[PDB]
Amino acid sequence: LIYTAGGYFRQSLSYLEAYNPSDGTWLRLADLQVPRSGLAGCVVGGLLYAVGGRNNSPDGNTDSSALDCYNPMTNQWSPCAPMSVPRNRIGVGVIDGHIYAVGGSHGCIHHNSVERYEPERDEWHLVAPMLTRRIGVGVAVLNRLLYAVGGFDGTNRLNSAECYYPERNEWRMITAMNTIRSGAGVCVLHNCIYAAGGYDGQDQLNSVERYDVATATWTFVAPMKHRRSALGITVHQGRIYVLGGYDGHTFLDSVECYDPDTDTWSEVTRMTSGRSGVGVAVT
């Protein structure tokens, strides 16, 4: 199933919903302990993690360092050890069963720092920081290497990307995208990386490009039907799924699915309500 957690639709949300691409159904599950937008989702050992984000509520706003873990076999959430700092609009990747939290913001602070969480010990540890401060960064893992893509450094929105080597513990700049992207959806599909949509400081984007590591090159592919920033993204059975986002006018419930073999996007469902800044994963 495709789990979407949190999000934002004029206030941070606590929804945890699961989409079945063959049923078509949306399953309503245990609410998040705390409403959170701008978080990230990932899956380790079959367990679904919600990382970072921010609680926007009528009673106030606070960025979040929380890491929470959801068990589909119990339909229950359990808090884990928190990150060293709150990370709103965070990116996460998974390497060797460890969770890498990347970038984000905390008030006026624009993080270049990165930390790694170990599920078997419930410990976070800071690793080497990025060459760039990145809010709204896209993160993807290719052959056990961690790519951070795009974002917003507090002043400029970025098309640069960098690559983290865990055992050397260091970041190195790679070829930049063709499109400056903040809050894009970044994932790994088949044998390449995909950055889709986002915000360049003027327009919300529908363009999609993918990075090939062999040619170290970005190539434009079939764009989406709906421009969207702060979208959620995941890969299910060899197809890309993008959920919600913000098109500069309304918070979308559109869900689009990219078929790589045909280079085609198509709408497959609508979420139960429009929202942006969700965390998405599959388990």
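Throughout, we count residues from 1 along the sequence that is shown.
- Relative to its counterpart among 57-65 and 240-248, 57-65 has the higher mean temperature factor, C-alpha atoms as listed in the PDB entry.
- Note on 147-155 vs 68-76: mean CA B-factor is higher in 68-76.
- When the Cα B-factors of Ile193, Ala184, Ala101, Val208 are read from the PDB record, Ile193 comes out highest.
- Per-chain ranking of the deposited C-alpha B factor places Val221 in the middle third.
- Compared with the other modelled residues of the chain, the Cα B-factor recorded for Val137 ranks in the lowest third.
- Per-chain ranking of the deposited C-alpha B factor places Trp171 in the highest third.
- In this PDB entry, the Cα temperature factor of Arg89 sits in the bottom third of its chain's modelled residues, the lowest group.
- In the PDB entry, a CA B factor belonging to the middle third of its chain's modelled residues is recorded for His111.
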